[PDB]
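Participant: Note that the protein sequences, when read in sequence, are chains A and B. Numbering (PDB author numbering) for the first sequence: 6 to 54, 94 to 113, 125 to 167, 178 to 583. Numbering (PDB author numbering) for the second sequence: 1 to 51, 61 to 170, 183 to 243, 252 to 335, 348 to 507. Heads up, the beta-carbon is just placed ideally off N, CA and C, and yes, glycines get one too. Provided herewith is a single structure, encoded as structure tokens, for subsequent inquiry.
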Amino acid sequence: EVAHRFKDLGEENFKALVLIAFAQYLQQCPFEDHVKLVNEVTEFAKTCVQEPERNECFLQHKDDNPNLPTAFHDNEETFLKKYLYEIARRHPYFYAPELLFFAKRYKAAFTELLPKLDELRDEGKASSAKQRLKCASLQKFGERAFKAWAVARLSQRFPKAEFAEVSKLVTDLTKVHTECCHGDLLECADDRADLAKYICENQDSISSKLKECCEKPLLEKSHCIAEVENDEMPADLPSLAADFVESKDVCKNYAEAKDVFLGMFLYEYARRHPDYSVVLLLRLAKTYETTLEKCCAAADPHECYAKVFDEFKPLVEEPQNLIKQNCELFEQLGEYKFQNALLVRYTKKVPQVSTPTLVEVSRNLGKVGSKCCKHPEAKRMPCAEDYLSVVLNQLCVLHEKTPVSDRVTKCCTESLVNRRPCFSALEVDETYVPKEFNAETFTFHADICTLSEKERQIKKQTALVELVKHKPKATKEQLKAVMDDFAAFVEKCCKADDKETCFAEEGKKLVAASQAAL
Amino acid sequence: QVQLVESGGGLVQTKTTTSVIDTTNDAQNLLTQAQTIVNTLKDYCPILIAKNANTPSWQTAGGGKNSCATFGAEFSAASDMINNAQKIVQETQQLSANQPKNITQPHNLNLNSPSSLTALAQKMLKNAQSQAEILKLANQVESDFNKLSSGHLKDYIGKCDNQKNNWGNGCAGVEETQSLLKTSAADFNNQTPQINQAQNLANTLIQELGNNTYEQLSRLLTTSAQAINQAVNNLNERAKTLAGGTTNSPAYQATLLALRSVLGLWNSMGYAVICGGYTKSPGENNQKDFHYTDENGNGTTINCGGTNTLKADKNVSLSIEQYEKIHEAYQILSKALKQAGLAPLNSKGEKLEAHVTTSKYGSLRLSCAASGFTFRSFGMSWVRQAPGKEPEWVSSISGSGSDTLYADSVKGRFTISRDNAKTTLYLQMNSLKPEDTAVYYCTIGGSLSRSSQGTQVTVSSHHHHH
């Protein structure tokens, strides 16, 4: 069996595959013993040219967080080999074909700055945290939940495919994700290749945009298959109501197969609305199912489940109007002023969260607007959930480690389908106690004129948050007045010859203006 | 795979017999016909149907309990009207039996002997006493009608308001007959000074007969000579309209009120009366439909017999025989009140032919053994095909079985009923016409079919027995 495996994609990658194989499983062992073990298996593989609980014991051995944590020109082989082995031993479940793909970008960039070094690594660990999340979502919620999500996702991706092929792709894709969540590369990766092969044989019935992916080799084939741009709907489809609520025998076909009929509903709705978030599609499905369960047990379900679209309209109104109102606010304000507004809102509703946590949350939330609000509305809501999922899951994960408030604890533990809505509509925390005023937070030093502009922003924003935690009286008149006088004070005193004097002399002047007012 | 296996019946042959009864429209017959209704209702006291502004107030009130629990004083007032009206028929017999005579020879002792004047004075006061009793009895049933109304059957009796049945209403004209009884007894109560004078005059004569013959004849020849003749004259003129009169007789309007009121209470309440109780063989079908065809053609029907068969005891339903006599007495009373009318209390009565139509073998329940799906949380329904015609939904039930919907053509005859345990849906058809010939299938929601359905035959035969 090593013959057909070795003749595919060459001789070089099998060496690194054996490397990261046990480098992820056993992590504390050094580097050179792995290299010799790699050659041990590699030369015997060229020479030729387990049981469930056994791998569960190997899974128990997997430590998700280990206790372990020019050279390119000299020897990029060992340089990337150590780099790959080190990433493998840091994250024991990281995507192995992506690990090799990141290594290609790694050696290509070295052979050729802050974005180059920072964005590359943080993207890999963010992707690493993404399969951990999808595996934690596989558990607790169940295979049916994943099935429903996958149905809405890949039916948005290929509307021209019939429901039978979409549901087929969903079953094998769940198998792929369950195997990759079990770290079973003996069952995942090849299933990924089997599914990538299967999609390429019947590419005509799925989508024509896949023609670029089947010419690629087995690695980047399935890679870009996860990156395919969505194909256009027939643009002539009827209203799904004519086959789901307007028609009769709805409670009939529901009794024939409850989930299959519900999957037909989601397949038709998602393929018609790619501009919706997959979370919104699952919001509409759970509302239709709950309506079907209540109405099908009545003497006349037709009059009951009729006007179910009146229940669909507000579920799509709330996120859509939030998209356009925050986009237009960010458009006129800019990223920084948008982040400041986000600072005020989220510190109003929940001031119990630590001041730093509120800062980077508002910072990256402004980055959410900076990225998605450039795209048209057809892709705004999908773009929004792609980043809001990671951001909201990030602050949720850290909140379980350090429980700060109860409203966020409730919102983090509820269904992922209603997380973004429940975090929204959260009123300003009532009976929040004004924090004790300490003037040491209102100290301004000439270093801010020397600080970098990106650093300057954080120093202003942290003072804005700690300001909100004091005197919750937040009428925008006092806020705008403080922002006007303080922003003018910072620059006017930065252009002074002796900024050390200007900062301290007008500080208490503006403090006595900030106070003795509210 | 969902399995719907309809296992009902096939060929139905519904026989219906019209038997014509030859009776008479005289008072004492109709009074016995009315006693049949009322006495059966009191003495056996059936449970009412426990069914809602549309339905009568007494229905939601005394539904599911015995009849006398709700219509105790209404049965008692009705029986009083009947027995009192019977007394006034007997008393008009004695009235016409004792008719006084005029004084022929004013000056004579050959005829007009002491014995003849004694017998004549007896005929005077016996005539006046009988007249007084039936006037008392006439106002007695008038009070018993005010008691029968203004109770549970007020805004029911006396108001009248296929199509919608006219049950629950009196529709018997009791307001009109009563108003005639008021005016009738008003004029006769105004004649009370005359009848009291004739009473006393006869009582003076029976004492004057104790006086000496020649001595009393001396003053009798010369005055209480024409006085008797006068008094006897208005006494006979009164007894003629009192017995032979219709709108003028308080005794005619009283008997007519007692009969129309017994028709009224059965029209207002009889539909709720539970019948079909078994006497032997617990569960005997005995399902006989009793047809009620009113005078203008619009006919209803009551399904009596039949989990629906219990005993035929007092306060526990009625027998089919008991309802048979109630139906015969109603149809004999409906006619001769609608067509012949009441014959004068002194008249002999005229013949009339009253039909009683009743059918049998017009019932059949169907069953659909549902499976392969969660039968308990799915509202089921029945549909029937019939040749050529598009599928016609007949009835539908909710998941719990509390909500039931029926089509207009089926409304009133069939009854849907599911069994969440054992998961079987039933359709109980009653009083089914040949136009029900259709293959019947049960279905989840409705519309189309996905089963081996039921069977499609119905045949009706009619017999006119005499």
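(1) According to DSSP, what are the bridge partners of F319/B?
(2) Buried or exposed for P109/B, please, with buried defined as at least 16 other CB atoms from any protein chain shown within 10 angstroms of its CB.
(3) Hey, how far is the Cα of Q220/B from the Cα of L264/B?
(4) What is the rounded straight-line gap between the Cα of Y467/B and the Cα of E354/A?
(5) Helix, strand or coil for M470/B, going by three-state DSSP, please let me know.
(6) Might you give, ordered along the chain, the residues of its own chain that have their beta carbon closer than 6 Å to the beta carbon of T284/B, omitting 5 neighbours on each side?
(7) Which residues does DSSP list as the beta-bridge partners of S501/B?
(8) Under 8 Å between the Cβ atoms of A364/A and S439/B?
(9) Can you tell me the Cα-Cα spacing of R459/B and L347/A, whole angstroms?
(10) Skipping 5 residues on each side, what residues in its chain have a beta carbon closer than 7 Å to that of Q13/B?
(11) Between the stretch 357-374 of chain A and chain B, which residues of the former have CB atoms less than 8 Å from a CB of the latter, in chain order?
(12) Secondary structure at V20/B, three-state DSSP: helix, strand or coil?
(13) Which residue marks the beginning of the alpha helix (DSSP H) containing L4/B, and which one marks its end?
(14) Apart from the five residues just before and just after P113/A, which ones in its own chain have a Cβ nearer than 7 Å to its Cβ?
(15) Let me see if you follow: with CB-CB separation under 8 Å, is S488/B close to chain A or not?
(16) Under 9 Å between beta-carbons, which chain D residues line up against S418/B? List them in chain order, please.
(17) From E151/B to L286/B, what distance separates their C-alpha atoms?
(18) State whether the stretch 472-489 of chain A contacts the stretch 525-544 of chain A, with contact taken as three or more CB pairs (one from each stretch) at a distance under 8 Å.
(19) Using a Cβ-Cβ cutoff of less than 8 Å, which residues in the same chain neighbour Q218/B once the five nearest sequence positions on both sides are dropped?
(20) Please identify, using Cβ separations under 8 Å, the residues of the stretch 325-351 of chain A that lie next to chain B, in order along the chain.
(21) 8 Å is my cut-off, CB to CB: does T465/B come that close to chain A?
(22) For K355/B, collect the residues of the same chain with a Cβ closer than 6 Å to its Cβ; drop the 5 residues on either side in sequence, then sort them by chain order.
(23) Starting from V435/B, trace the beta strand (DSSP E) in both directions and tell me its first and last residue.
(24) Would you report the Cα separation of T322/B and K359/A, rounded to the nearest angstrom?
(25) Could you check whether the Cβ of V5/B sits closer than 8 Å to any Cβ belonging to chain A?
(26) Which residues does DSSP pair with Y307/B in a beta bridge?
(27) Along the chain, where does the beta strand (DSSP E) containing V473/A start, and where does it finish?
(28) Tell me the residue span of the alpha helix (DSSP H) that contains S435/A.
(29) Determine the direct distance from the alpha carbon of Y341/A to that of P447/A, and round the result to whole angstroms.
(30) For a test of the three-state rule: what should DSSP assign to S375/B, helix, strand or coil?
(31) I'd like the list of long-range same chain contacts for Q380/B, defined as Cβ closer than 8 Å, with 5 residues on each side in sequence excluded.
(32) Looking at the secondary structure, which residues open and close the alpha helix (DSSP H) in which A163/A lies?
(33) Do you know offhand how far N187/B's Cα is from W434/B's?
(34) Going by the beta-carbon positions, is the gap between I303/B and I47/B smaller than 8 Å?
(35) According to DSSP, is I485/B helix, strand or coil?
(36) Within 8 Å, do at least three Cβ pairs link the stretch 252-262 of chain A to the stretch 207-225 of chain A?
Facilitator: Reading it off the structure:
(1) According to the DSSP secondary-structure assignment, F319/B is paired through a beta bridge with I331/B, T399/B.
(2) Counting Cβ neighbours within 10 Å, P109/B comes out buried, since at least 16 surround it.
(3) C-alpha of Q220/B to C-alpha of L264/B: approximately 10 Å in a straight line.
(4) About 28 Å.
(5) In the structure shown, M470/B adopts extended strand secondary structure according to DSSP, grouped into three states.
(6) Non-local beta-carbon contacts of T284/B in its own chain, meaning distances under 6 Å to residues more than five positions away in sequence, involve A27, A94 in chain order.
(7) Beta-bridge pairing by DSSP links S501/B to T14/B.
(8) Yes. Within cutoff.
(9) Separation of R459/B and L347/A (C-alpha to C-alpha, rounded to the nearest whole angstrom) is 35 Å.
(10) Hits under 7 Å: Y402, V500, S502.
(11) From the stretch 357-374 of chain A, only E358, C361, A362, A363, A364, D365, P366, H367 have a Cβ closer than 8 Å to chain B.
(12) Three-state result, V20/B: strand.
(13) In this chain, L4/B is not harboured by any alpha helix (DSSP H); it is covered by the beta strand (DSSP E) spanning 3-6.
(14) For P113/A, same chain residues with a beta-carbon under 7 Å away, outside a window of 5 residues either side, are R145 in chain order.
(15) It does; some Cβ of chain A falls within 8 Å.
(16) Although the question refers to chain D, the structure presented lacks it and instead comprises the protein chains A and B.
(17) If you draw a straight line from the Cα of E151/B to the Cα of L286/B, it is about 8 Å long.
(18) No: fewer than three Cβ pairs fall under 8 Å.
(19) So the list reads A260, once near-sequence residues are dropped.
(20) Of all residues in the stretch 325-351 of chain A, none has a Cβ within less than 8 Å of some Cβ in chain B.
(21) No, no contact with chain A.
(22) Beyond the five residues adjoining it in sequence on each side, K355/B comes within less than 6 Å, by CB distance, of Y44, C45 in the same chain, given in chain order.
(23) That run of the beta strand (DSSP E) goes 433-438.
(24) Distance between the alpha carbons of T322/B and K359/A: 45 Å.
(25) Output row for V5/B: interface = no.
(26) In the DSSP output, where bridge partners are listed per residue, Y307/B has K352/B.
(27) It is not in any beta strand (DSSP E) - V473/A instead sits in the alpha helix (DSSP H) that spans 471-478.
(28) That run of the alpha helix (DSSP H) goes 420-437.
(29) Roughly 6 Å between the two C-alpha positions.
(30) In the structure shown, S375/B adopts helical secondary structure according to DSSP, grouped into three states.
(31) Excluding sequence neighbours, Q380/B sits near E324, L393.
(32) Here the alpha helix (DSSP H) through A163/A covers 151-166.
(33) Going by C-alpha positions, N187/B is about 27 Å away from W434/B.
(34) Yes.
(35) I485/B falls in the strand class under three-state DSSP.
(36) No: fewer than three Cβ pairs fall under 8 Å.
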